[PDB]
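Here, each number is a calculation from the coordinates, and none is a lab measurement. Note that each Cβ is placed from the backbone with ideal geometry, even for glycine, and that neighbours are counted across all protein chains shown.
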Amino acid sequence: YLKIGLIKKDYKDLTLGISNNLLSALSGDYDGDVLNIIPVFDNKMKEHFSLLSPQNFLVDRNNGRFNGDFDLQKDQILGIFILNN
Amino acid sequence: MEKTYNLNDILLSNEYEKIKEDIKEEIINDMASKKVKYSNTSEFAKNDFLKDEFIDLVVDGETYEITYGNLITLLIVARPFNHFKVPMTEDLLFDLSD
Amino acid sequence: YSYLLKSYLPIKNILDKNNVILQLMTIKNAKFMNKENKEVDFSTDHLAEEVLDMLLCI
Amino acid sequence: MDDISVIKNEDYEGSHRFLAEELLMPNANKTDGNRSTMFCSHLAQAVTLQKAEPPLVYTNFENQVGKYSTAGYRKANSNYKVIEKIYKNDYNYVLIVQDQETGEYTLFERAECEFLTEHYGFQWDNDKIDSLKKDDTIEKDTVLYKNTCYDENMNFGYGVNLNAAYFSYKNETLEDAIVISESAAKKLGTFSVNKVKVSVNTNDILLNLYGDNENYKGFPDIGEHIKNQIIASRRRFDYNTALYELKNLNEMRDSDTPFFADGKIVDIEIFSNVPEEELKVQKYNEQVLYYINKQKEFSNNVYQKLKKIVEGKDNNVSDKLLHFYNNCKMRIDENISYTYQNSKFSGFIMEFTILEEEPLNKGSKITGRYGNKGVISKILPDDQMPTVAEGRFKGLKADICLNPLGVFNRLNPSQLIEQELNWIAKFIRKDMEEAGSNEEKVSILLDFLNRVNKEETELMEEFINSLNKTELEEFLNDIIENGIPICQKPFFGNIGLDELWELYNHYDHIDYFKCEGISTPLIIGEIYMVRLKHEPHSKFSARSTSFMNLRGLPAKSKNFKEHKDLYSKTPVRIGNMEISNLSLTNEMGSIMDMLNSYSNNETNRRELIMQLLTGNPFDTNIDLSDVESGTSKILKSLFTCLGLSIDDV
């Protein structure tokens, strides 16, 4: 359950700009495969489907701990490692 | 780099965001200015970056020696204490290198 | 009517020659009785003026 | 097992008979099988490039592939003499020729573009056939028209050569993504051709989308370009609605049917079953009458001019020429009737060929020759990219930047090899430029080549010795600026790790480039890049409300194929697994409301559309009815016919 924050200003550009940390939860990569978008209109439906928001998936349901799928990807890991070590 | 930083004071102050950004800008500009040298041997070359330099951090009245990049990462990871106005607790600390 | 035909000029070649819808509407005069069972009579020229002005006011 | 024991390495020595597609891949010895399979698929997924260049690092088997593929060039196998030239359009004409040896008569047609399927096609270089006039001579081997993939000397290149670097650009290269400069984006542009048919009947009339008050044109002329992305629009004409709807025929109305396409017209063909006199009456279809008369005049010309050739008993006419003459004679013959899909059509049918140049966009896929697939993440200004500011190579910028994380894990070392060889080639070219003696230049070049591929060194020695001094100077200069060709055959003759070790230890001066603002000294070098067919326009779809099926449930329509719609408007399916995943939210009522309002129930759909159309735009709260869904009705009827009825306990 995601939120639109920007409308792209170019008619030629037709690509959903998704955050990198979202890749692991989707179990997907930038191979060009198409993702499906279903807009949610009703406010009650918004509060009901908010359980699929990234915040609710931050807590890994197996261990009750932080989900590593929403943590840093390997490139971000390289950056942070260079910075701190 | 100011050699000493007070963690809880930066976290509670309303100047926390600009301090984080200033540290970030200093680190990235210094990295852009310098060039990395590879010895390709057991010995390691003398590469001096702003991230590698050590600093002293005052947390709950105790001094911990950490790197500058460790400091900026710790400030990023310590957003809850600026949001809730609660002092940083020493048990909520770890090895930022690992 | 000429100013109106200038706007309808493209369709005049085929469609208007078979039937002028504007003139067909203008010429149609049917019996008119009010709900109070009272009939009315009016000249075709006044109706034609108002029909032209209605088609122009669009 | 021991079956593989039959494979003898000695038998396949100096042999490339086992390689097929892989022949176009340099250093195929070093790439893994998976990346090679990806390359074989990419060769099919490749698109024609307007600025195609021969590969800097090549296998020399590429020109053979270009020659034996017959779809790009045309060769007049025998010696011919141009009998005549007749013009259908300024972009399309026809050449009637005669074999000087056999005496048979044959035909050659020209056009600006060729269409393969869907929106895929390419432009032509018709300069050789356009130079030909009446009574000219065509030789036994002559390229009458060629694709952009082939250059002037028939060298074949399926992609461009781009300066690349392995770099992490603001995490925009995560997984596998490419950031490319605008200047490099210009070189990665392709053609898009579409054959769109608009059918007009006596009921519908065209709209004056193109032109002024004096000139009525419903569709662009041959040379004109498309405006507002609409080839034409048609209105159904009925005498009851004619008084108000037919007025203002120049502007669009909600009742009109529009047809979408973008580019430049290059050929229009109109097939009319209407009597020509009625078209002469109609002003709105005057342009159709003009093009109809143009086609009829072209056919009259071909009849008048080729009757003697076709009907001469002591003459031989090719079957193509005979069929062409017969078709034109049928078109000029009286009582001719055209059928589409085995059905006599009312009115006429217009077929447009539209050609445009589509450039590189975000989401478009470009790959190398070693299975290195990539999706263009950002197209950035060429200044806002790694620039080197140390040494002789100052001012050089990276055309593309690739992900460096898992280059080893992908088991494709040939990428790095090609980059390294073009990188050292840069230094060789600079050393050549600094020298003022031509002999010194050829000495440096032969040294580097002998270090890489010895056979190319011998061939270049022969080629240089055969050249005139002015031709040798041109050769040297263009090599200095454009680049040096290096040959790395796929399996035998490639440069291994030890050869690169020798090359790196000999040229002691060569070292990593230090770039502005970047701490890590990196290497930039030219590698080959090809463009894949998959693109953001390929699978884009956006449906709000579209045609409903006979069962009252949403379903796809052929409108996008007929160019009646701009985007697909194709409905997504919510799978059973998707329902299971959505069931994580225990609000089954909201999921059922979603499915009912979007698909199953008509009343809920109408209510949703009305709430969104009128009310508060920023706060949308809907109340839905509990009327049974149409899917439930279909289920009830089917089970009733079975003899069973589901009833709640």
Which listed residue, of A:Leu14, A:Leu72, A:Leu35, A:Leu51, is among the aliphatic types (A, V, I, L, M), loosely packed, with under 15 Cβ neighbours inside 10 Å and in a loop (DSSP other than H, G, I, E, B):
A:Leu35
Among (1) within 26 Å of D:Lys362 (Cα to Cα); (2) facing chain D (nearest Cβ under 8 Å); (3) out of contact with any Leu (no Cβ under 8 Å at 6 or more places or on another chain), where does A:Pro39 come up short?
(2)
I need a count of the residues in segment D:230-250 that are under 41 Å from the mean Cα position of the chain (by Cα) and under 19 Å from C:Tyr3 (Cβ atoms).
4
For D:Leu174, which of the numbered conditions (1) part of a loop (DSSP other than H, G, I, E, B); (2) of a type outside the set (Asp, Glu); (3) out of contact with any helix residue (DSSP H, G or I) (no Cβ under 7 Å at 6 or more places or on another chain) fails to hold?
(3)
Does segment D:284-306 contain at least one residue that is part of a loop (DSSP other than H, G, I, E, B) and more than 14 Å from chain C (Cβ to nearest Cβ)?
no
Matching helices (runs of 4 or more DSSP H) fully within segment D:437-497 where at least 2 residues are touching a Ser or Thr at 6+ places or on another chain (Cβ under 9 Å)
D:438-452
Qualifying position, being surrounded by 13 or more Cβ atoms within 10 Å (Cβ to Cβ) and either under 30 Å from D:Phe513 (Cβ atoms) or not aromatic (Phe, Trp, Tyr) (or both), among B:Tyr68, B:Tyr16:
B:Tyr68
Check D:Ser318 against each of (1) within 14 Å of another protein chain (Cβ to nearest Cβ); (2) in contact with a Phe, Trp or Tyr (Cβ under 9 Å, 6 or more places away or on another chain) and name the one condition it does not meet.
(1)
Just name the residue that is surrounded by the most Cβ atoms within 10 Å (Cβ to Cβ) out of those in segment D:210-243 that are farther than 20 Å from D:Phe260 by Cβ and in contact with a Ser or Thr (Cβ under 9 Å, 6 or more places away or on another chain).
D:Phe237
Suppose the filter is exposed (fewer than 15 other Cβ atoms within 10 Å of the Cβ), closer than 18 Å to D:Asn240 by Cα and either more than 8 Å from chain D (Cβ to nearest Cβ) or touching a helix residue (DSSP H, G or I) at 6+ places or on another chain (Cβ under 7 Å) (or both); does C:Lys17 pass it?
yes
Assess whether B:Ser42 counts as being of a type in the set (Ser, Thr, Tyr), surrounded by 13 or more Cβ atoms within 10 Å (Cβ to Cβ) and more than 15 Å from B:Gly69 (Cβ to Cβ).
no
When segment D:86-107 is examined, which residues are found to be out of contact with any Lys or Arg (no Cβ under 7 Å at 6 or more places or on another chain), among the aromatic types (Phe, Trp, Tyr), buried (at least 18 other Cβ atoms within 10 Å of the Cβ) and closer than 27 Å to D:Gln50 by Cα?
D:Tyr91
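Quick grid of which residues meet (1) free of Cβ contacts under 8 Å to residues at least 12 places away in the same chain; (2) among the charged types (D, E, K, R); (3) part of a loop (DSSP other than H, G, I, E, B); (4) exposed (fewer than 13 other Cβ atoms within 10 Å of the Cβ):
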residue: D:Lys556; (1), (2), (3), (4): no, yes, yes, no
residue: D:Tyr567; (1), (2), (3), (4): no, no, yes, no
residue: D:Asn581; (1), (2), (3), (4): yes, no, no, yes
residue: D:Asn586; (1), (2), (3), (4): yes, no, yes, yes
Any chance segment D:240-254 includes a residue that's facing chain C (nearest Cβ under 9 Å), of a type in the set (A, V, I, L, M) and not in a loop (DSSP other than H, G, I, E, B)?
yes
When you scan segment D:385-416, how many residues do you find that are of a type in the set (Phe, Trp, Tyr) and in contact (Cβ under 8 Å) with a residue 24 or more places away in the chain?
1
Given (1) more than 12 Å from chain A (Cβ to nearest Cβ); (2) assigned to a loop (DSSP other than H, G, I, E, B); (3) closer than 30 Å to D:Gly159 by Cα, number of the condition D:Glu526 does not satisfy
(2)
Looking for whichever is loosely packed, with under 15 Cβ neighbours inside 10 Å and at positive phi here; the options are D:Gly371, D:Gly395. Which one fits?
D:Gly395
Just wondering, is there one or more residues in segment D:185-202 that are buried (at least 19 other Cβ atoms within 10 Å of the Cβ) and in a helix (DSSP H, G or I)?
yes
Could you give every pair whose Cβ atoms fall below 8 Å, whose first residue belongs to segment B:4-21 and is on the phi < 0 side of the Ramachandran plot, and whose second residue is assigned to a helix (DSSP H, G or I) and hydroxyl-bearing (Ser, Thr, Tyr), counting only separations of at least 6 or pairs across chains?
B:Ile10/B:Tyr16
Please indicate, with yes or no, whether at least one residue in segment C:21-41 is more than 10 Å from the chain's Cα centre (by Cα), within 13 Å of chain D (Cβ to nearest Cβ) and under 22 Å from D:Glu245 (Cβ atoms).
no
If I filter segment D:165-182 down to residues being touching an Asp or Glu at 6+ places or on another chain (Cβ under 8 Å) and of a type in the set (D, E, K, R), which single residue comes out as nearest to the other protein chains (Cβ to nearest Cβ)?
D:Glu175
So for segment D:534-554 (the condition being surrounded by 19 or more Cβ atoms within 10 Å (Cβ to Cβ), of a type in the set (D, E, K, R) and either away from chain A (no Cβ under 13 Å) or not in a helix (DSSP H, G or I) (or both)), does at least one residue qualify?
yes
Sort through B:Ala32, B:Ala45 and tell me the only one that's touching a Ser or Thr at 6+ places or on another chain (Cβ under 8 Å), outside any loop (DSSP other than H, G, I, E, B), without any contact (Cβ under 8 Å) to a residue 60 or more places away in the chain and closer than 27 Å to D:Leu522 by Cα.
B:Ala32
